Each structure stands twice: as structure tokens, then as C-alpha cells.
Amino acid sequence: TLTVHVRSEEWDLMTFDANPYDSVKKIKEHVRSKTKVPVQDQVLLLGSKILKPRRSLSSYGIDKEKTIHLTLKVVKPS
């Protein structure tokens, strides 16, 4: 389906599968599995855009791509 590469400042590159129409929250749950960072403390970026957890990757323009590169930041929420 779709392969997601998640790069971060702290950990090795993460790889896992995703669906472009699922919420970004589903990505964060994969990150939580690999890093144990709770979903509420993660921020994901596509390019330089911060993704909102309720939105889908498709809504940010992920259409035909077979592989995408995301950035993870660990952030204490307000």
C-alpha cells in the first residue's frame, strides 16, 4: 500500500505501512509502538507543514505516492 518513513532527531529512521485515507493518529500509534512516546506528545510534519491528528494524509495531498517521508518532533503540549 503506502510506506511511511519517519525521521526524527532522536531515533533511527522508522518504516511502516499506512493508508492515505486513515487519520494521522494511526501514524502516531505506530510511532508510539517503536518509541513509546505517547500519541499526545508527538507532532508530525509533512514537508514543513504540521499535521493535525484528525486529518488524513490524503487531505495533505498524498495521492499516488508509494513512499512518503515524515518528520517526528516530541513536544510537550500546551
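Note that residue numbering begins at 1 and tracks the sequence as displayed.
The PDB entry assigns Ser59 a C-alpha temperature factor belonging to the lowest third of its chain's modelled residues. Per the deposited record, the Cα B-factor of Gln40 falls in the middle third when ranked against the other modelled residues of its chain.
Among all modelled residues in this chain, the alpha-carbon of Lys52 has a temperature factor (C-alpha) in the middle third. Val4: CA B factor lies in the middle third for its chain, per the PDB record. Among all modelled residues in this chain, the alpha-carbon of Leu13 has a temperature factor (C-alpha) in the middle third.
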